[PDB]
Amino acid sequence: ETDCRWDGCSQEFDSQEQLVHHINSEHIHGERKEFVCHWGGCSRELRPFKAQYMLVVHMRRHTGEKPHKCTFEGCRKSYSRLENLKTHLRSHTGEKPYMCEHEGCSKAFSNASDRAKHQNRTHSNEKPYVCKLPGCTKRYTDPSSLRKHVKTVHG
């Protein structure tokens, strides 16, 4: 939010455009000696990336930049991951390209991942969002059901 925080760099700024410009040119762009974020609190410190285009997407965490805009006139939602914008898209249509494929369900998602939750969870059997308050033994399929409990109940 308007100011590099790359280790040592001190450019404050005016527009996302510029900052998210400076990074790719200043820090991520050039060099032939390995790409790693060096941003303040980076949850990976220096867990280098494989390719360097991968770092580049990562910053969008740090930067805030969701550059894949939606097209459907009127709507103005970006994302910062292509995959995402793709799905955000279908919703404008109803496109559920992604059927629960396996064992014999026939239900489908606008996207792959939600198809994989449902997919594993809804045909679960186990419930691994077990609450961890002693004298409960309360477990659910999804973090949401859990979460609601450990706080409607405990907490």
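Quick note: we count residues from 1 along the sequence shown, nothing fancier.
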Mean C-alpha B-factor comparison - 107-115 and 31-39, higher one: 31-39
Which of 56-64 and 22-30 has higher mean CA B factor, as the PDB entry lists it: 22-30
Chain-wide C-alpha B factor ranking for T122, given as lowest, middle or highest third: lowest
Entry-reported Cα temperature factor of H88, expressed as the chain third it lands in: lowest
Entry-reported Cα temperature factor of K138, expressed as the chain third it lands in: highest
Third of chain Cα B-factors occupied by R44: highest
Third assignment of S145 from its chain's C-alpha B-factors: lowest
